[PDB]
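The chain below stands alone and is given as structure tokens, in the form deposited in one PDB entry.
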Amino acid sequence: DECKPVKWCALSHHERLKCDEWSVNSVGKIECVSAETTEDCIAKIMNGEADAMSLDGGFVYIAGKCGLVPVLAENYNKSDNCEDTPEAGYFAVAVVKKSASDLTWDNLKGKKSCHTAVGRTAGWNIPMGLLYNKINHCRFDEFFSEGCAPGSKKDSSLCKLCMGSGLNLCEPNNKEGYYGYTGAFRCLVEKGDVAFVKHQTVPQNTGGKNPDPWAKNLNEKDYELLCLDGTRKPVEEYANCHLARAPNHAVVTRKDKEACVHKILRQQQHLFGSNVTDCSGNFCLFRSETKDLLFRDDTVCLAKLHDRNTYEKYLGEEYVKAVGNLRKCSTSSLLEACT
């Protein structure tokens, strides 16, 4: 029917600008509403202030309980049928130096840790969710002698490692150097014993792919993976040694607008999508002015979902039961309300 416009929630200033140019070129088929944080963003979605956004596994879980549903998945593979075939997602991994000692999954206690950010999927949710059953309480400041968890209390032992000066030290955002998959890996190399990151993090930051001096001489082969059974495997072996598998980023919207957003978005990708990509004098949807904006730049097409309609089926067994046993206890307000 006469599907009305779709509002996109732009988490940043740049997410906003991109969303604007989009809005224009879409001739209003899509419009934007800004937000301070990803959460309240998903809230504006909740009440009808906004019609959709895309988010990682954990947030998909949160909105999932909030009653929203994933319409489409982000696909980074090159395929002749990109949209048809669903992608298996990615792997969370605990990375260590091949030259580091005796570290094993069970003996991590007392060791120094490097995390992407608190509350985020692979750097926090998965690892802390798996260790939660071991320690079965909520204080992770107690488990590791110290580490870097961006977003943790400033006097927390988990800010002890984090770099950065003044107010932004340990900050959840790039103001803090050890923030992110990247920052987490850097932390591993310079400070921590363990790093919790995705399986692409190491190759990404080694072999000269990362210009910065600390990296770039770093040999991917010099780092390995901690397997849940006590053993280790090479970085390229993450499939057979890992904590849990997260799903691809996906777009979520309220039940009613589901069909509509689904419809319009596909048109949008055929207009602005992979090819044509001429981002020079035209608008490319997946390309970004800075980094992945409203979409991972690695995005090829937005794909349908065969058997997974529901956020639980989407996230898959491995994800949950590695999490939700974690929270349980989560200080996120929206989750609490949602319960």
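From 1 onward, residues are counted along the sequence shown.
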Query - Selected stretch [higher average CA B-factor]: 66-74 or 292-300 - result: 66-74
Query raised in the report: If you average the CA temperature factors over each stretch, which comes out higher, 196-204 or 77-85?
Result: 77-85
Report task. Return the residue from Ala149, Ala92, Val235, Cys138 that has the highest Cα B-factor in the entry. Result -> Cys138
**Report entry** Ranked C-alpha temperature factor of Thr121 among modelled chain residues, by third
**Finding:** middle
Query raised in the report: Within this chain, which third does the Cα B-factor at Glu220 fall in: lowest, middle or highest?
Result: lowest
Query raised in the report: C-alpha B factor of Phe59, ranked within the chain: lowest, middle or highest third?
Result: highest
Report summary line: Split the chain's modelled residues into thirds by Cα B-factor; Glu176 lands in the middle
Query - Entry-reported Cα temperature factor of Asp155, expressed as the chain third it lands in - result: highest
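In what follows, reference is made to the form deposited in another entry, a form of this protein that is not presented.
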Report summary line: Taking the shown form as reference, the Cα pair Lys291 and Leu225 shifts by 3 Å or more in the other form and sits farther
Query raised in the report: What happens to the Cα distance from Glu317 to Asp229 in the other form: does it get closer or farther than here, with a change of 3 angstroms or more?
Result: closer
